[PDB]
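Visitor: Quick one: the structure is below, questions incoming.
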Amino acid sequence: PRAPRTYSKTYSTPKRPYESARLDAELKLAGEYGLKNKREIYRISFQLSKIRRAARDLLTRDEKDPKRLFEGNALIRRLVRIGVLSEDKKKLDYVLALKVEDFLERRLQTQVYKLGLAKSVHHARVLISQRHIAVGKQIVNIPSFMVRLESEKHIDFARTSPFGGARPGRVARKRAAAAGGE
Amino acid sequence: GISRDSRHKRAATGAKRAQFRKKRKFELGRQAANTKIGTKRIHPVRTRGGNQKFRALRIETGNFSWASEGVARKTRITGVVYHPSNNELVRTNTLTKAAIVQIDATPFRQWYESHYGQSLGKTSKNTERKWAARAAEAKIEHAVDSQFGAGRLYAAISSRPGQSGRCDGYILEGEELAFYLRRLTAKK
Amino acid sequence: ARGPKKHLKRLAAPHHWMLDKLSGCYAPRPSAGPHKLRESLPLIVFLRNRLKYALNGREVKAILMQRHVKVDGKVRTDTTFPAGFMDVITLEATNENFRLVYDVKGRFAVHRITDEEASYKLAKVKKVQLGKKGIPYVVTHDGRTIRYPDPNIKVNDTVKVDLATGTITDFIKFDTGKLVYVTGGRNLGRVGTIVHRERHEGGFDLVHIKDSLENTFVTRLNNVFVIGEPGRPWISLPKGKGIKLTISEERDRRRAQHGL
RNA sequence: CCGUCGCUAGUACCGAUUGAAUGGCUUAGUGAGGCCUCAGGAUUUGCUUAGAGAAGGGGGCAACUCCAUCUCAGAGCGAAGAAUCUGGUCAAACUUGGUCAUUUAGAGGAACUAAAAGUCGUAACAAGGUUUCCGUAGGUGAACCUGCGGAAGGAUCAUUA
RNA sequence: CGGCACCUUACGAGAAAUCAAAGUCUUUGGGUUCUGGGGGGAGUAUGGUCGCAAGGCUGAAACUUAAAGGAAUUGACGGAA
RNA sequence: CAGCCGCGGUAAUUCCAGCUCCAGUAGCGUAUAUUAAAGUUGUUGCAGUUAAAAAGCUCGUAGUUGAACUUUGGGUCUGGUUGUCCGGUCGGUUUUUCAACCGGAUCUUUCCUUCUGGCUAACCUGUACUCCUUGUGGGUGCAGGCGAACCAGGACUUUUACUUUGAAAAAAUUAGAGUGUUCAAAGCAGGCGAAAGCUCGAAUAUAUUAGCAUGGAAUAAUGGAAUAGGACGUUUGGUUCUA
RNA sequence: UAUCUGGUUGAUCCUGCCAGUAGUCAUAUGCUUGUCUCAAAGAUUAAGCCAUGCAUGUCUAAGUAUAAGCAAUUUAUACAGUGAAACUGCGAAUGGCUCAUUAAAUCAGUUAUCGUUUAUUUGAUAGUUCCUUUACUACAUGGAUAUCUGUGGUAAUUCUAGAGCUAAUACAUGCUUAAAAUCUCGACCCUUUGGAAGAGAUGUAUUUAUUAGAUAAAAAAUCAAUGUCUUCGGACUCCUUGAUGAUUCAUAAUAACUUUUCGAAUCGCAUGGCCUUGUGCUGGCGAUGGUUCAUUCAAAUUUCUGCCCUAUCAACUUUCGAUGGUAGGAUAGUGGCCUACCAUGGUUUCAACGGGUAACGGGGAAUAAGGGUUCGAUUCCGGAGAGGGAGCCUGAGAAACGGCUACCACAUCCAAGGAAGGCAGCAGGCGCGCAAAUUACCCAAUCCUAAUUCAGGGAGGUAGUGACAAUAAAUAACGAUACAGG
Ligand SMILES: [Mg+2]
Ligand SMILES: [Mg+2]
Ligand SMILES: [Mg+2]
Ligand SMILES: [Mg+2]
Ligand SMILES: [Mg+2]
Ligand SMILES: [Mg+2]
Ligand SMILES: [Mg+2]
Ligand SMILES: [Mg+2]
Ligand SMILES: [Mg+2]
Ligand SMILES: [Mg+2]
Ligand SMILES: [Mg+2]
Ligand SMILES: [Mg+2]
Ligand SMILES: [Mg+2]
Ligand SMILES: [Mg+2]
Ligand SMILES: [Mg+2]
Ligand SMILES: [Mg+2]
Ligand SMILES: [Mg+2]
Ligand SMILES: [Mg+2]
Ligand SMILES: [Mg+2]
Ligand SMILES: [Mg+2]
Ligand SMILES: [Mg+2]
Ligand SMILES: [Mg+2]
Ligand SMILES: [Mg+2]
Ligand SMILES: [Mg+2]
Ligand SMILES: [Mg+2]
Ligand SMILES: [Mg+2]
Ligand SMILES: [Mg+2]
Ligand SMILES: [Mg+2]
Ligand SMILES: [Mg+2]
Ligand SMILES: [Mg+2]
Ligand SMILES: [Mg+2]
Ligand SMILES: [Mg+2]
Ligand SMILES: [Mg+2]
Ligand SMILES: [Mg+2]
Ligand SMILES: [Mg+2]
Ligand SMILES: [Mg+2]
Ligand SMILES: [Mg+2]
Ligand SMILES: [Mg+2]
Ligand SMILES: [Mg+2]
Ligand SMILES: [Mg+2]
């Protein structure tokens, strides 16, 4: 007796397993945006799916009338903030077709690679994992972070650790020690 | 134990309502008092909310009231004369609410002798005037007079003595009284 | 079950506490007082979650013991004393005098009231009967019973109580076009004028009430409290002033007012 | 390709045992225990002026210039009050029966299903070599036969005058 | 005006034989009753009920099994022509 | 081995091992339930000539359903609400040239429930006629009196169903707004100063069963004057009143 | 985030099912298992059985304290500092657990109590206890009982028999403090216009009576009772009354009874004001009690409508209350709740009644185009139960089970005479099973209880076990040289 802590089995498997073309597409996507599993892709789809559903619901009521106007607008704003939606497209019916690729492209995964820094997607991911990259001055180590666009210019190498250039970092130290010994 | 559950009582239709829960205290009903007339006895019973509730037992006496005059007195009861629910309460002689009874009447007579002072059954100079001013107001309905003469006024007790403890009632007058008399006659 | 229940579980706790879903099993059961459990506010919830003058229950208790708190003149020491609508909580250290008044959303707003106004208490009229020795007495929906009220103080009127003495300063007659404050359900916390009174024999007297924005709404009579005459309320009401904006409007207000 | 009769497994079905078990109701008889109730009175005492010995037993021989005085034989009047107890009442349970449900042994019976190679037939399918069916009776070793009436899913949408 | 009855296209249908209804049904709703939900076990077991009976109405499961059916197509075949 | 289809009978891509390889991935398999798929339970939304399925036939109470007909049409103003016509403006705002759309009042042979009275707001007024550009621009002003501007009490409502908005349908859940738990699953937090104090929040929506409230009068029923014992009322008598 | 594929076939299109496929805060299990946050977890079988331990007690400036205790010293010649023990108080009826019953029952929303109880709560509030009125309980009434200390029994048990003292907000008794007004009684005079000296009774609860608690408008004639002012023709005038939709309501009087409730012989601080100079009469801040009326916490009922399968349940109810009545009894109160007497009703194909449920109800859960279907032991709200069934004490509130009394079923301890029991609290064990954790740490939080800032709390949290479920993601990255692709 406190209260049930809520959860969602958020990120959902497809209805057939082996639709070959689909599988291939998924693989391609993964290759493009360096994912560990299809799981991530599924999650992304679910995220987008929900949005699509919401849009549909909104449409099913009259645009001009209130809930549709407001909630939909809010959703659009959120999307824009995230950086999946463009600035040309803020008409709800544009959200309806966002696509998973776009979503993937907004990750701190790729927004490292897109801004240089890493060199080669996987490398960027690795860097993110290994306690480099601070979106603000607070070290993100989730690949699937989703960058805020408003804070995409602020993506730097970490204040601490190497590459940012505070400390050289372990192997380097060892080498130095060896040199000293010599 | 003795309960007042509508859980039991089959149903409006007839289906046997199963024993849903063991019966509660708030549903209870106690053993009957059925007060007789034979030495003054009272036992209280701690009810719901505490609250004592005097059970008359063998109750003698009680203030039976006039209507016409507007009075009552420290008056004894004689016997259970006619109870309209059940005649078993007349054999056993168990005084209860709306049972018809005979009233000692002496006290009443005494009171009258003060009140009007003309006597029923058959000094000082300014008090004479008072007396004159009073009286010839109520002529009384014959039966009552007879009862007075006897020493046994017909009343119906209307305090519930099993609840209240007191055995206070009502001198019978008019149509109701007549009816009661008739009933008595029928019985005897 | 088997007699009076003594606990209040934190989910079952009334929502206008604005308590955490988490952070302990229970919520404070507001004890027997002058206000109804769900339409009340205990002194824990006030001094911990709202004001944050106490970081925890113990602290609140300590404060109470110290006896700087006074809910309606008298002192109070009970953590879970139900201080309800209209009750004046004065903390003597700080001099932060409060009156418990509702927000437009519904929850109890912390109204930092002046010392001169926090002195009387406006209170409704629940009954008008006579007690023993033939003395007429009025009852308030906000706790008190006051002997000897001006004969033309009838049911569902409001009464300015001197509070220190516990008497009657003045009253407002309930009628058409007299400022009213709402204490029930979907319209709880709003403020309006009074237009109609649908009589209805037994089944709840309704009241059509318009606000400053010409937005009409309806409530039951028991859920309405007469606060003044239109323009001059007898109490200082919080920011918003019982208007209750639309959602869109609210959003606009939020995202127009960006003053860093 | 259809039945009878064989073999090997399993499912249920019926079924004597005066079967067995559990529970639910339930007749009659008993009836624990409390509650009230009719009494009953271990004990505890107050107030009565009820006579003391008491060394001022109320402020100096004396109804103490007698004090809730020394305090028990009083006895009267109470108040509280146990076991014990008369009738009720609620009624657990028990005893012996009766009954419904669900279980469960159960000799034997009579079935059905499975399995690849058993036996006597060739019933149906081709007008399947008596055209099939259906209903119904009666017979038979098994398909089955054969009355009667019906049907064509017939082996005919056909014979004009 | 009425019941016991052919031809074409079907745009209507229908799995197709065929159907002027077996049509106006995924462009799904005129009004109603009744019946069916893989095959077998089984119209059995049981209980009811109805009967003089024979039987009728009513009506299981266990268990079993990947087909049972329908319509037609080409064949093969027929003591059919 | 194989859910199923099936593979095995000396050439197994299906058994048993190596390599490769696939799928999912800190998870993946198996078992039973159950939901989807199943329009294979069908209200939406199935079938019944032959595939399972139309009672052999008619009668028939319940139930379920059930033809059409009673107020239609036109005018006259008057509120909005977005597109238009320029931004008249310091990317936002206020009218007109215009619009459709949704109301409201009315008048049309038309009552919307009717009165016993309170308040008659108003001028239908006209009592003195004029503060005053040559005026029907404008109001100090009270006997007859428009009552809808509200009550506060009768009188008696044909009654439903249907639908409207409302008030109530505990919180958690669900949907959902806000917000950097590092991200999220979450959580009700937080946010900003001189960083001496100040400060946003803790929304909104759902749930349609029944009851309450109000508007609507199409649809569907119900009801009423055909021994008119009917309706009204300047009836004129009366009778029973009640008070 | 509306999706279908393999299988009868020689091949074909259907009926049709099987099979696959996807999900499950849906269980189990098989492998495996590095980390972060989150975390269900003996419901399913046996509401089966339970060793051990713990889970309810608790005192403030303020109830009692000569512990022959502590501690001690610069209020006690009745007491005053702390305080074991015990009596008084209050609490133990909450919480926690579990889902056996239970199918118009529970439950959901919705009404109602003008149909009732309600410790607690905060608001309120009682000159009348007297009983003839020339000599009477107040600046303080009584005796007990426990701690203790002593005399013990027992094989044992949270077992308690006798003496000695000893208290109380124990528990019993019991004082003050009237004026007025109204109602019942009363020495006569003087022939009416009649009119009074003076005596008794009247709080609050209790009981039935009985009255008031009004209210649709103006104006009379006069018949019986016949009052005030007469400025002696006659006038008569200003004549009371809450709330509700609604009462025999609130409420106030008259009348009595009453084994006469209540009406502060109460504890901590502080120690003021007038002198009629007594130690006089007086007066502050608080505690607790105590009356009905409020309120609050609640409480029983109660209105309307709504439940899963079954006709291989069509009649049921009504001897033994069924339906209604009348009256009583009882109850806190409504009521066939129970009793007496009478009537013959009441429900039903709009499925009554019966049977089943591997049924506690709802919030909700899973699935997810729309409609649905299945599940809901389980964190919230209700309801039931504490092995079964019964009964009751105390109490505001229990038909309580960490209360009692019994019987059944189970079981312990014994010196055999007798005692004690009830984990569906927590932990743990057996048992059953496909199937479920530590006999851990603490009140810091959360809240709860009391005499109550102070104690307690297996409620609650904290870890432990934990691949129930959920979220986030390491299991190399960048080079160079060396061999191949573009
Ligand atoms: Mg580091
Ligand atoms: Mg009481
Ligand atoms: Mg009401
Ligand atoms: Mg007995
Ligand atoms: Mg032949
Ligand atoms: Mg043959
Ligand atoms: Mg043949
Ligand atoms: Mg033969
Ligand atoms: Mg079948
Ligand atoms: Mg090989
Ligand atoms: Mg299904
Ligand atoms: Mg079908
Ligand atoms: Mg057929
Ligand atoms: Mg047929
Ligand atoms: Mg037939
Ligand atoms: Mg019609
Ligand atoms: Mg959500
Ligand atoms: Mg579907
Ligand atoms: Mg076939
Ligand atoms: Mg084949
Ligand atoms: Mg399947
Ligand atoms: Mg269990
Ligand atoms: Mg509980
Ligand atoms: Mg009266
Ligand atoms: Mg009354
Ligand atoms: Mg009665
Ligand atoms: Mg269920
Ligand atoms: Mg059950
Ligand atoms: Mg449940
Ligand atoms: Mg169960
Ligand atoms: Mg519960
Ligand atoms: Mg047990
Ligand atoms: Mg019990
Ligand atoms: Mg226990
Ligand atoms: Mg308990
Ligand atoms: Mg346990
Ligand atoms: Mg497990
Ligand atoms: Mg616990
Ligand atoms: Mg572990
Ligand atoms: Mg890591």
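Letters A, B, ... mark the chains of the structure tokens in the order given; residue numbers begin at 1 per chain; ligand numbers begin at 1, in order shown.
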May I ask you to write as a PyMOL selection string all residues lying at most 9 Å from ligand 14, with only C-alpha atoms (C1' of nucleotides) and all ligand atoms counted?

Guide: chain F and resi 54-56

Visitor: What's around residue 172 (chain F) at 12 Å? Count only C-alpha atoms (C1' of nucleotides), leave out sequence neighbours fewer than 5 positions away in its own chain, and write the answer as a PDB file with C-alpha atoms (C1' of nucleotides), in the first residue's frame.

Guide:
ATOM      1  CA  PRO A   1       0.000   0.000   0.000  1.00  0.00           C
ATOM      2  CA  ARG A   2       1.465   3.154  -1.478  1.00  0.00           C
ATOM      3  CA  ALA A   3       0.104   3.120  -5.043  1.00  0.00           C
ATOM      4  CA  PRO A   4       0.877   0.998  -8.114  1.00  0.00           C
ATOM      5  CA  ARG A   5       3.850   2.535  -9.931  1.00  0.00           C
ATOM      6  CA  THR A   6       2.603   2.600 -13.517  1.00  0.00           C
TER       7      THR A   6
ATOM      8  CA  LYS C   9      -5.372   6.039   2.587  1.00  0.00           C
ATOM      9  CA  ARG C  10      -3.393   8.413   0.359  1.00  0.00           C
ATOM     10  CA  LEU C  11      -5.245   7.585  -2.879  1.00  0.00           C
ATOM     11  CA  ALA C  12      -8.599   7.714  -1.043  1.00  0.00           C
ATOM     12  CA  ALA C  13      -7.456  11.090   0.363  1.00  0.00           C
ATOM     13  CA  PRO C  14      -9.418  13.929  -1.276  1.00  0.00           C
ATOM     14  CA  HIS C  15      -7.768  15.321  -4.399  1.00  0.00           C
ATOM     15  CA  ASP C  20       1.743  12.990  -3.838  1.00  0.00           C
ATOM     16  CA  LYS C  21       0.469   9.640  -5.142  1.00  0.00           C
ATOM     17  CA  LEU C  22       3.691   8.232  -3.666  1.00  0.00           C
TER      18      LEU C  22
ATOM     19  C1'   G G 363     -13.236   0.924  -9.583  1.00  0.00           C
ATOM     20  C1'   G G 364     -10.594  -1.419 -13.132  1.00  0.00           C
ATOM     21  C1'   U G 379      -2.247  -1.660  -3.667  1.00  0.00           C
ATOM     22  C1'   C G 380      -8.616   2.213  -3.832  1.00  0.00           C
ATOM     23  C1'   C G 381     -13.911   1.953  -2.283  1.00  0.00           C
TER      24        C G 381
END

Visitor: Between A:70, A:157, A:163, A:42, single out the one closest to chain F, counting only C-alpha atoms (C1' of nucleotides).

Guide: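 So, comparing all the options, the nearest one is A:70.
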
Visitor: With only C-alpha atoms (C1' of nucleotides) and all ligand atoms counted and 8 Å as the cut-off, give the residues of chain D in contact with ligand 6, each with its shortest interatomic distance in Å and the pair that gives it, as a tab-separated table.

Guide:
residue	atom	partner	partner_atom_place_in_ligand_line	distance
D:122	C1'	ligand 6	1 (Mg)	5.6
D:123	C1'	ligand 6	1 (Mg)	6.0
D:124	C1'	ligand 6	1 (Mg)	6.5
D:128	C1'	ligand 6	1 (Mg)	5.1
D:129	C1'	ligand 6	1 (Mg)	7.4

Visitor: Just N, CA, C and O atoms (P, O5', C5', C4', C3', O3' and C1' of nucleotides) for this one: save the residues we selected as a PDB file, in the first residue's frame.

Guide:
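Output saved as part-v4.pdb:
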ATOM      1  P     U D 122     -20.494 -62.957 -51.921  1.00  0.00           P
ATOM      2  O5'   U D 122     -21.349 -61.639 -52.201  1.00  0.00           O
ATOM      3  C5'   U D 122     -22.032 -60.872 -51.185  1.00  0.00           C
ATOM      4  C4'   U D 122     -21.961 -59.391 -51.496  1.00  0.00           C
ATOM      5  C3'   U D 122     -21.723 -59.010 -52.954  1.00  0.00           C
ATOM      6  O3'   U D 122     -22.417 -57.815 -53.317  1.00  0.00           O
ATOM      7  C1'   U D 122     -19.950 -58.182 -51.630  1.00  0.00           C
ATOM      8  P     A D 123     -24.026 -57.720 -53.215  1.00  0.00           P
ATOM      9  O5'   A D 123     -24.237 -56.922 -51.849  1.00  0.00           O
ATOM     10  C5'   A D 123     -25.471 -56.983 -51.106  1.00  0.00           C
ATOM     11  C4'   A D 123     -25.705 -55.687 -50.358  1.00  0.00           C
ATOM     12  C3'   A D 123     -25.367 -54.411 -51.123  1.00  0.00           C
ATOM     13  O3'   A D 123     -26.489 -54.027 -51.916  1.00  0.00           O
ATOM     14  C1'   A D 123     -24.339 -54.344 -48.990  1.00  0.00           C
ATOM     15  P     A D 124     -26.288 -53.492 -53.416  1.00  0.00           P
ATOM     16  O5'   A D 124     -25.742 -52.013 -53.200  1.00  0.00           O
ATOM     17  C5'   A D 124     -26.455 -51.060 -52.396  1.00  0.00           C
ATOM     18  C4'   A D 124     -25.582 -49.865 -52.115  1.00  0.00           C
ATOM     19  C3'   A D 124     -24.937 -49.226 -53.337  1.00  0.00           C
ATOM     20  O3'   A D 124     -25.887 -48.411 -54.015  1.00  0.00           O
ATOM     21  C1'   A D 124     -23.309 -49.502 -51.648  1.00  0.00           C
ATOM     22  P     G D 128     -27.667 -51.282 -60.524  1.00  0.00           P
ATOM     23  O5'   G D 128     -26.131 -51.567 -60.827  1.00  0.00           O
ATOM     24  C5'   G D 128     -25.610 -52.904 -60.881  1.00  0.00           C
ATOM     25  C4'   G D 128     -24.586 -53.089 -59.794  1.00  0.00           C
ATOM     26  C3'   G D 128     -24.970 -52.538 -58.423  1.00  0.00           C
ATOM     27  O3'   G D 128     -25.868 -53.354 -57.648  1.00  0.00           O
ATOM     28  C1'   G D 128     -22.657 -52.176 -58.963  1.00  0.00           C
ATOM     29  P     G D 129     -25.656 -54.951 -57.453  1.00  0.00           P
ATOM     30  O5'   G D 129     -25.876 -55.544 -58.914  1.00  0.00           O
ATOM     31  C5'   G D 129     -27.171 -55.916 -59.419  1.00  0.00           C
ATOM     32  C4'   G D 129     -27.004 -56.596 -60.760  1.00  0.00           C
ATOM     33  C3'   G D 129     -26.613 -58.065 -60.668  1.00  0.00           C
ATOM     34  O3'   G D 129     -27.764 -58.900 -60.823  1.00  0.00           O
ATOM     35  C1'   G D 129     -24.989 -56.876 -61.938  1.00  0.00           C
TER      36        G D 129
END

Visitor: Set the cut-off to 12 Å, count only C-alpha atoms (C1' of nucleotides) and all ligand atoms, and list whatever residues fall near ligand 34 as a PDB file with N, CA and C atoms (P, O5', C5', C4', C3', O3' and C1' of nucleotides), in the first residue's frame.

Guide:
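The new file selection_18.pdb reads:
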ATOM      1  P     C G  54       7.707 -12.654  22.289  1.00  0.00           P
ATOM      2  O5'   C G  54       7.122 -11.488  21.374  1.00  0.00           O
ATOM      3  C5'   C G  54       7.882 -10.291  21.123  1.00  0.00           C
ATOM      4  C4'   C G  54       7.745  -9.826  19.687  1.00  0.00           C
ATOM      5  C3'   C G  54       6.440  -9.149  19.308  1.00  0.00           C
ATOM      6  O3'   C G  54       6.325  -7.825  19.813  1.00  0.00           O
ATOM      7  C1'   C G  54       7.014 -10.666  17.611  1.00  0.00           C
ATOM      8  P     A G  55       4.887  -7.254  20.215  1.00  0.00           P
ATOM      9  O5'   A G  55       4.144  -7.145  18.812  1.00  0.00           O
ATOM     10  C5'   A G  55       4.589  -6.207  17.818  1.00  0.00           C
ATOM     11  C4'   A G  55       3.593  -6.109  16.688  1.00  0.00           C
ATOM     12  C3'   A G  55       2.158  -5.780  17.083  1.00  0.00           C
ATOM     13  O3'   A G  55       2.035  -4.372  17.267  1.00  0.00           O
ATOM     14  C1'   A G  55       2.170  -7.595  15.564  1.00  0.00           C
ATOM     15  P     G G  96      -5.028  -1.198   6.124  1.00  0.00           P
ATOM     16  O5'   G G  96      -4.417  -2.602   6.563  1.00  0.00           O
ATOM     17  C5'   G G  96      -3.060  -2.929   6.223  1.00  0.00           C
ATOM     18  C4'   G G  96      -2.605  -4.188   6.921  1.00  0.00           C
ATOM     19  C3'   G G  96      -3.107  -5.482   6.313  1.00  0.00           C
ATOM     20  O3'   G G  96      -2.285  -5.818   5.203  1.00  0.00           O
ATOM     21  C1'   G G  96      -3.412  -5.550   8.650  1.00  0.00           C
ATOM     22  P     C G  97      -2.931  -6.072   3.762  1.00  0.00           P
ATOM     23  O5'   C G  97      -3.451  -7.572   3.875  1.00  0.00           O
ATOM     24  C5'   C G  97      -2.522  -8.643   4.114  1.00  0.00           C
ATOM     25  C4'   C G  97      -3.174  -9.747   4.909  1.00  0.00           C
ATOM     26  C3'   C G  97      -4.207 -10.573   4.169  1.00  0.00           C
ATOM     27  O3'   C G  97      -3.528 -11.554   3.393  1.00  0.00           O
ATOM     28  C1'   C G  97      -4.972 -10.068   6.364  1.00  0.00           C
ATOM     29  P     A G 386     -15.944 -15.198  12.434  1.00  0.00           P
ATOM     30  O5'   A G 386     -14.399 -15.566  12.512  1.00  0.00           O
ATOM     31  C5'   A G 386     -13.961 -16.916  12.302  1.00  0.00           C
ATOM     32  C4'   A G 386     -12.473 -16.944  12.053  1.00  0.00           C
ATOM     33  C3'   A G 386     -11.607 -16.820  13.306  1.00  0.00           C
ATOM     34  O3'   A G 386     -10.398 -17.557  13.159  1.00  0.00           O
ATOM     35  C1'   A G 386     -11.181 -14.997  11.885  1.00  0.00           C
ATOM     36  P     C G 401     -13.836  -9.991  14.364  1.00  0.00           P
ATOM     37  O5'   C G 401     -12.417 -10.702  14.518  1.00  0.00           O
ATOM     38  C5'   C G 401     -12.279 -12.105  14.844  1.00  0.00           C
ATOM     39  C4'   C G 401     -12.123 -12.284  16.336  1.00  0.00           C
ATOM     40  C3'   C G 401     -10.703 -12.421  16.880  1.00  0.00           C
ATOM     41  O3'   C G 401     -10.105 -11.165  17.192  1.00  0.00           O
ATOM     42  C1'   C G 401     -12.322 -13.761  18.068  1.00  0.00           C
ATOM     43  P     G G 402      -8.548 -10.902  16.889  1.00  0.00           P
ATOM     44  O5'   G G 402      -7.893 -10.834  18.344  1.00  0.00           O
ATOM     45  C5'   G G 402      -7.580 -12.023  19.106  1.00  0.00           C
ATOM     46  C4'   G G 402      -6.143 -12.001  19.578  1.00  0.00           C
ATOM     47  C3'   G G 402      -5.782 -10.876  20.535  1.00  0.00           C
ATOM     48  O3'   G G 402      -5.987 -11.297  21.877  1.00  0.00           O
ATOM     49  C1'   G G 402      -4.172 -10.998  18.798  1.00  0.00           C
ATOM     50  P     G G 421      -5.190 -19.198  27.153  1.00  0.00           P
ATOM     51  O5'   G G 421      -5.401 -19.363  25.581  1.00  0.00           O
ATOM     52  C5'   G G 421      -6.155 -20.463  25.032  1.00  0.00           C
ATOM     53  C4'   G G 421      -5.362 -21.157  23.947  1.00  0.00           C
ATOM     54  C3'   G G 421      -5.809 -20.838  22.529  1.00  0.00           C
ATOM     55  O3'   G G 421      -5.035 -19.699  22.155  1.00  0.00           O
ATOM     56  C1'   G G 421      -5.588 -23.206  22.826  1.00  0.00           C
ATOM     57  P     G G 422      -5.447 -18.809  20.897  1.00  0.00           P
ATOM     58  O5'   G G 422      -5.481 -19.885  19.724  1.00  0.00           O
ATOM     59  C5'   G G 422      -4.528 -19.893  18.645  1.00  0.00           C
ATOM     60  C4'   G G 422      -5.267 -19.863  17.333  1.00  0.00           C
ATOM     61  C3'   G G 422      -6.127 -18.625  17.114  1.00  0.00           C
ATOM     62  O3'   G G 422      -6.098 -18.214  15.758  1.00  0.00           O
ATOM     63  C1'   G G 422      -7.502 -20.556  17.154  1.00  0.00           C
ATOM     64  P     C G 423      -5.048 -17.113  15.285  1.00  0.00           P
ATOM     65  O5'   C G 423      -5.032 -17.317  13.708  1.00  0.00           O
ATOM     66  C5'   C G 423      -4.141 -18.250  13.076  1.00  0.00           C
ATOM     67  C4'   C G 423      -3.263 -17.502  12.109  1.00  0.00           C
ATOM     68  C3'   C G 423      -2.763 -18.289  10.909  1.00  0.00           C
ATOM     69  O3'   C G 423      -3.811 -18.363   9.950  1.00  0.00           O
ATOM     70  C1'   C G 423      -0.966 -17.108  11.880  1.00  0.00           C
ATOM     71  P     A G 424      -3.524 -18.859   8.458  1.00  0.00           P
ATOM     72  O5'   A G 424      -3.313 -17.481   7.683  1.00  0.00           O
ATOM     73  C5'   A G 424      -3.909 -17.226   6.393  1.00  0.00           C
ATOM     74  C4'   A G 424      -4.907 -16.086   6.455  1.00  0.00           C
ATOM     75  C3'   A G 424      -5.362 -15.625   7.839  1.00  0.00           C
ATOM     76  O3'   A G 424      -4.421 -14.649   8.286  1.00  0.00           O
ATOM     77  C1'   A G 424      -7.241 -15.899   6.394  1.00  0.00           C
ATOM     78  P     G G 425      -4.561 -13.934   9.720  1.00  0.00           P
ATOM     79  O5'   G G 425      -4.024 -12.461   9.438  1.00  0.00           O
ATOM     80  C5'   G G 425      -2.747 -12.292   8.798  1.00  0.00           C
ATOM     81  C4'   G G 425      -2.188 -10.900   8.994  1.00  0.00           C
ATOM     82  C3'   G G 425      -0.679 -10.830   8.817  1.00  0.00           C
ATOM     83  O3'   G G 425      -0.445 -10.461   7.463  1.00  0.00           O
ATOM     84  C1'   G G 425      -1.254 -10.020  10.963  1.00  0.00           C
ATOM     85  P     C G 426       0.453 -11.381   6.520  1.00  0.00           P
ATOM     86  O5'   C G 426       1.927 -11.049   7.016  1.00  0.00           O
ATOM     87  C5'   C G 426       2.348  -9.685   7.181  1.00  0.00           C
ATOM     88  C4'   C G 426       3.595  -9.621   8.027  1.00  0.00           C
ATOM     89  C3'   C G 426       4.619 -10.709   7.766  1.00  0.00           C
ATOM     90  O3'   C G 426       5.308 -10.454   6.546  1.00  0.00           O
ATOM     91  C1'   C G 426       4.362 -10.403  10.094  1.00  0.00           C
TER      92        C G 426
END

Visitor: List as a ChimeraX atom specification the protein and nucleic acid residues lying within 7 Å of ligand 23, with only C-alpha atoms (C1' of nucleotides) and all ligand atoms counted.

Guide: /C:1 /G:94-95

Visitor: Could you go through chain A and tell me which residues DSSP, when run on the backbone, assigns to helix (DSSP H, G or I), listing them as an MDAnalysis selection string?

Guide: chainID A and resid 20:32 38:60 66:82 100:105 108:113 122:129 171:181

Visitor: Using only C-alpha atoms (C1' of nucleotides) and all ligand atoms, which residues of chain G come within 10 Å of ligand 22, and what is the closest atom pair for each, with the distance in Å to one decimal? Give it as CSV, sorted by chain and residue number.

Guide:
residue,atom,partner,partner_atom_place_in_ligand_line,distance
G:42,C1',ligand 22,1 (Mg),5.8
G:43,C1',ligand 22,1 (Mg),6.2
G:44,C1',ligand 22,1 (Mg),7.7
G:45,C1',ligand 22,1 (Mg),7.4
G:46,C1',ligand 22,1 (Mg),6.9
G:47,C1',ligand 22,1 (Mg),8.4
G:48,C1',ligand 22,1 (Mg),8.9
G:98,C1',ligand 22,1 (Mg),9.2
G:377,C1',ligand 22,1 (Mg),9.4
G:424,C1',ligand 22,1 (Mg),8.8
G:432,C1',ligand 22,1 (Mg),9.7
